[PDB]
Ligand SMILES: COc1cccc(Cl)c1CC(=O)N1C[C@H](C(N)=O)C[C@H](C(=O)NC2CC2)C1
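First, one chain by itself in structure tokens, the form solved without this ligand.
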């Protein structure tokens, strides 16, 4: 679990979105495993605007933050998980590291702020859904 709180926006994994998220929907994309809903309170997070390939992510299943190198956002084949079939996921970044299903929502950050959230794992990789292209998160 986990979300990004930027302005009056909540960014979650689409597969973990609540009824309240869907009832307050701003934007969702299944191919990216992202959903954004409206908030009443303003949030503490800053979105990275950058092409960093190094940063740090939170892994709830280790209670640890790990420094990683990660690929640039790409269209990647993902094997079946408890929450999705085998399918192609867009805007996905991969690193070498530990990720189980409950680790989804964990933040990946770089020197510029929040890069994305854990979305995939298995086979010694963790995949992160990028949010750095979502410029509209920073306004309105």
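Rigid core here is just the name for the largest C-alpha set that superposes within 1.5 Å across the two forms. Only residues modelled in both forms are compared. Numbering follows the first chain given and starts at 1.
Undergrad: Averaged over C-alpha atoms, is the B-factor higher for 68 to 76 or for 83 to 91 in this PDB entry?
TA: Between 83 to 91 and 68 to 76, it is 83 to 91 that shows the higher mean C-alpha B-factor.
Undergrad: Do the C-alpha atoms of 23 to 31 or of 51 to 59 have the higher average B factor in the entry?
TA: For C-alpha atoms only, the mean B-factor is higher in 23 to 31.
Undergrad: Looking at the temperature factor on the CA atom of residue 120, which third of the chain's modelled residues does it land in?
TA: Answer is middle: the recorded C-alpha B-factor places it there.
Undergrad: For the chain shown, is the CA B-factor of residue 43 in the lowest, middle or highest third of its modelled residues?
TA: As the PDB entry reports it, the C-alpha B-factor of residue 43 lands in the highest third of its chain.
FYI, the form deposited with this ligand bound isn't displayed, but the following is about it.
Undergrad: Following C-alpha superposition of the binding-site region, is the pocket for this ligand, modelled as it is in the deposited complex, open or blocked, where blocked requires 3 or more ligand atoms within 2.4 Å of any backbone or C-beta atom?
TA: In the deposited complex, this ligand occupies a site that, on this form, turns out blocked once the ligand is superposed onto it.
Undergrad: Would you check, heavy atoms only and a 4.5 Å threshold, whether residue 87 touches this ligand in the deposited complex?
TA: It does: once this ligand is placed as it appears in the deposited complex, residue 87 has a heavy atom within 4.5 Å of it.
Undergrad: When the rigid core is used for the superposition, does residue 82 move between this form and the one not shown (threshold: C-alpha shift of 2 Å or more)?
TA: For residue 82, whose C-alpha is compared between this form and the one not shown after core superposition, the shift is 2 Å or more.
Undergrad: Among residues found in both forms, what runs of at least 3 in a row have Cα shifts of 2 Å or more between this form and the one not shown after core fitting?
TA: Only this run moves by 2 Å or more: 79 to 86.
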